[PDB]
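The first residue of the sequence shown is numbered 1, and numbering continues consecutively from there. Below, all heavy atoms of this structure are taken into account, side chains as well, without hydrogens, waters or symmetry copies.
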Amino acid sequence: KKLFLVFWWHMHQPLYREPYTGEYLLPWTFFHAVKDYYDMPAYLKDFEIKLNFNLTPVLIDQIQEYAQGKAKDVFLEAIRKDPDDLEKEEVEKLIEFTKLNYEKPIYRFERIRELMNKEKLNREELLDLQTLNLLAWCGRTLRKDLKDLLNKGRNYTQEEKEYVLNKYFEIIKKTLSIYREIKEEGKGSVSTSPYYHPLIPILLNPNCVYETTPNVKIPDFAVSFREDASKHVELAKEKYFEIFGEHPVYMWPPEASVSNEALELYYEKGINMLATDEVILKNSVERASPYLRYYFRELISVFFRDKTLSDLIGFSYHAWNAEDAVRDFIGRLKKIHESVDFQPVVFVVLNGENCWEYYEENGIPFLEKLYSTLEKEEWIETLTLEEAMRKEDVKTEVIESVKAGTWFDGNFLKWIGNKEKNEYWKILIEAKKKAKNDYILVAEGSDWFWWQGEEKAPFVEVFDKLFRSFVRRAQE
Ligand SMILES: OC[C@H]1O[C@H](O[C@H]2[C@H](O)[C@@H](O)[C@@H](O[C@H]3[C@H](O)[C@@H](O)[C@@H](O[C@H]4[C@H](O)[C@@H](O)[C@@H](O[C@H]5[C@H](O)[C@@H](O)[C@@H](O[C@H]6[C@H](O)[C@@H](O)[C@@H](O[C@H]7[C@H](O)[C@@H](O)[C@@H](O)O[C@@H]7CO)O[C@@H]6CO)O[C@@H]5CO)O[C@@H]4CO)O[C@@H]3CO)O[C@@H]2CO)[C@H](O)[C@@H](O)[C@@H]1O
């Protein structure tokens, strides 16, 4: 009797490329590419288990742009430049960016603490700040090549910094290939999402917000987004086929978001399986075991992730020592295993790039201990998505209706329902009436609405500038 364990690491970045200037206004795609997007699948070279990945098409577009040397990245130019050539504005952004990341364990360099305690910075100190910002995002693979520079800790030259950049761009150029490689070796499945990561249920039917939050106020949706919802899915299928050579039969719905109408859309577009959130399961059915393969109206397979295990990795285990966290994780799988007659299916689904920066050593002690330990538990079988979709010896159940929501509390309030978030929807609704091109699809990505109307964090104004630029460009 086995427990079936399915990791599904979701990788996404909204489009940071401003459409009028072509500049990448935040460097987060570059930094998560060099730290995580290559290195998360690359674990499969060293550990013989199954791990699955989701890549949004908008992320893939940006990785390709960086791999070609085409990406004009404003912050990265502030890193690359000799400090003598830095504008005052570029020095401020470098200092701001350091302070934002300063308490993260990946930034724990003695030299950074000293630099941030100085009132002014000369060229040598700025060179250190530039290079250490780069070295802080070093991924597992380059830890070996760059160990000399990591141990040096200070007194970096312009040529050492350019060496690090050259090795980082080599990593980016290999990033799409490693996803192809682990798929072709059978080591993991790769999925995608609707193209710009929108909230499909709201594009199809905004009234679905009332199923969980009946008293919320939303704008007047006087235009249809339903064919845009189709286009997001259709364009992602085309991109996926081009990159990976298959029609996608599974997709990750952005923010785990589902509704009855969204499930019908996915099925109509040929999607046979997806996953979503446990809170949605509990909001929708009575005997709500998340260890079953569900069939929505006998038409599309639906797994519900184990929210606790997914949240433990995402939010809690960063502060634990690696042995304790892995013992706790395995102990929780043991409890699941002993609590049921059948072979349970355990989906662990979370973002694959955002949590590691809070773990000691960028999560490498934790993930190496976890994957090493899973390799030796005979009663746990890690599965690809294809295997989980087809495994015959699992328990199943038919489900006829879901309560629309997302993995944020089972509802849509992170993206709609207050004055500021509603103002973005109103802008989009008005722009949709005059849209002439697919930049209206870009503006439907969930991220713009996520950041809107929150407490003012650094660079939040950049997301707003991008959103409105795509909305403006869509109408021309
Ligand atoms: O809340 C305040 C916040 O303050 C601090 O966080 C700081 C960061 O420390 C700082 O670096 C910066 O954030 C940067 C970030 O570093 C950049 O990489 C980038 O963020 C990207 C991100 O990297 C991308 O992956 C993408 O994020 C999408 C994501 O792909 C998508 O799946 C979804 O994911 C979030 C989801 O919507 C949330 O509900 C939650 O998910 C949880 C649920 O909460 C929970 O209930 C549970 O069951 O499951 C869920 C899954 O784990 O978190 C998910 C993120 O992991 O949406 C996001 C966002 O759309 O794109 C973003 C960019 O859009 O840019 C940012 C901003 O510059 O600044 C922030 C804030 O200042 C603090 O350390 C942190 O803990 C606090 O949360």
Side-chain angles (χ1 to χ4, degrees), residues 8 10 12 54 56 191 193-194 196-219 221 225-226 228-229 232-233 250-267 271 273-297 299-311 314-315 347-351 397-418 421-422 424-425 444-454:
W8 198 351
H10 163 63
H12 164 60
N54 191 65
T56 61
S191 66
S193 293
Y196 295 100
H197 200 267
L199 294 167
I200 298 290
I202 295 178
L203 297 189
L204 291 172
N205 194 348
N207 290 315
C208 72
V209 300
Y210 299 120
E211 296 172 26
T212 51
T213 64
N215 301 311
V216 73
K217 303 204 175 353
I218 65 175
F221 278 82
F225 288 95
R226 287 170 57 80
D228 281 4
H232 284 275
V233 176
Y250 33 78
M251 284 197 175
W252 168 249
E255 315 293 339
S257 187
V258 296
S259 68
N260 295 330
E261 294 188 24
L263 287 165
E264 297 181 327
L265 176 60
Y266 284 116
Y267 165 69
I271 309 306
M273 185 268 271
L274 50 87
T276 175
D277 188 48
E278 206 181 341
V279 179
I280 295 171
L281 175 64
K282 309 276 179 298
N283 280 353
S284 307
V285 199
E286 303 193 346
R287 292 185 286 259
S289 170
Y291 306 123
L292 279 37
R293 170 163 79 228
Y294 285 86
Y295 301 129
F296 177 74
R297 303 181 175 168
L299 293 176
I300 180 177
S301 300
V302 180
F303 291 96
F304 299 83
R305 70 172 191 154
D306 185 313
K307 173 190 172 48
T308 298
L309 297 179
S310 300
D311 282 343
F315 294 97
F347 266 65
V348 182
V349 191
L350 60 148
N351 267 263
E397 186 177 348
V398 173
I399 180 186
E400 303 293 344
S401 177
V402 296
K403 193 150 292 166
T406 74
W407 58 3
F408 188 111
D409 303 341
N411 60 54
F412 293 97
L413 294 190
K414 206 69 180 69
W415 304 272
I416 197 156
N418 73 28
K421 297 183 188 287
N422 281 359
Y424 267 25
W425 287 101
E444 293 161 1
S446 63
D447 308 77
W448 321 118
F449 305 88
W450 200 94
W451 295 104
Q452 168 77 345
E454 308 285 357

Chemist: Fit a plane to each ring of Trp8 and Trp252, take the angle between them on a 0 to 90° scale, and name the class: parallel (under 30°), tilted (30 to 60°) or perpendicular (over 60°).
Modeler: perpendicular

Chemist: With distance as the sole test, does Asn260 use its side chain to make a donor-acceptor pair with the main-chain N or O of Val402 at under 3.5 Å?
Modeler: yes

Chemist: Can you find a pair of side-chain heavy atoms, one from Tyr294 and one from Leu281, that are under 4.5 Å apart?
Modeler: yes

Chemist: Measure the spacing between OH of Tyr295 and CD1 of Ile399 and express it to the nearest 0.5 Å.
Modeler: 13.5 Å

Chemist: Any chance you could measure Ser401, atom OG, to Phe296, atom CZ, to the nearest 0.5 Å?
Modeler: 6.5 Å

Chemist: Tell me, which pairs form a salt bridge (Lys or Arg N to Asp or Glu O under 4.0 Å) where one or both residues lie in residues 284-293, sequence neighbours left out?
Modeler: none

Chemist: Please identify each residue that fulfils salt bridge (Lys or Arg N to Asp or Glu O under 4.0 Å) with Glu211, with sequence neighbours left out.
Modeler: none

Chemist: Apply salt bridge (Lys or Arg N to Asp or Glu O under 4.0 Å) to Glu255 and list each qualifying residue two or more places apart in sequence or on a separate chain.
Modeler: none

Chemist: Are any non-hydrogen side-chain atoms of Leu204 and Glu264 less than 4.5 angstrom apart?
Modeler: no

Chemist: To the nearest 0.5 Å, how far apart are OH in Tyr266 and CG in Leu274?
Modeler: 7.0 Å

Chemist: Return yes if some donor-acceptor pair links the side-chain N/O of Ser446 with the main-chain N/O of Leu199 below 3.5 Å, else return no.
Modeler: no

Chemist: Can you tell me how far CG of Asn422 sits from CZ of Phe449, rounded to the nearest 0.5 angstrom?
Modeler: 10.0 Å

Chemist: Are the side chains of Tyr267 and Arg297 in contact, using a 4.5 Å heavy-atom criterion?
Modeler: no

Chemist: Tell me, do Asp306 and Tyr291 make a side-chain contact under 4.5 Å, heavy atoms counted?
Modeler: yes

Chemist: Listed by chain and number, what are the ring pair (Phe, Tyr, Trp, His ring centres under 6.0 Å) partners of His197, not counting sequence neighbours?
Modeler: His10, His12

Chemist: Indicate yes or no: at least one non-hydrogen side-chain atom of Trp415 is less than 4.5 angstrom from one of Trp450.
Modeler: yes

Chemist: Determine whether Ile200 and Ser257 make a side-chain contact, defined as any pair of heavy atoms from C-beta on separated by less than 4.5 Å.
Modeler: no

Chemist: Hey, is NZ on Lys414 packed in by over 12 heavy atoms from elsewhere, all under 6.0 Å?
Modeler: yes

Chemist: Show me, pair by pair, the donor-acceptor contacts under 3.5 angstrom made by side chains of residues 212-219, not counting sequence neighbours?
Modeler:
{"from": "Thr213", "atom 1": "OG1", "to": "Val209", "atom 2": "O", "distance (Å)": "2.9"}

Chemist: What do you reckon, is CZ of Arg226 surrounded by more than 12 foreign heavy atoms closer than 6.0 Å?
Modeler: no

Chemist: So, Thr406 side chain and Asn411 main chain: donor-acceptor pair closer than 3.5 Å or not?
Modeler: yes

Chemist: Side chains of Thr276 and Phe304: does their closest heavy-atom pair fall under 4.5 Å?
Modeler: yes

Chemist: Less than 4.5 Å apart, side chain to side chain, heavy atoms only: is that true for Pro206 and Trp425?
Modeler: no

Chemist: Taking salt bridge (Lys or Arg N to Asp or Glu O under 4.0 Å) as the definition, give me every residue that meets it alongside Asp311, ordered by chain and number, with sequence neighbours left out.
Modeler: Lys307

Chemist: Which value, rounded to the nearest 0.5 Å, describes the distance between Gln452 atom CD and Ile416 atom CD1?
Modeler: 12.0 Å

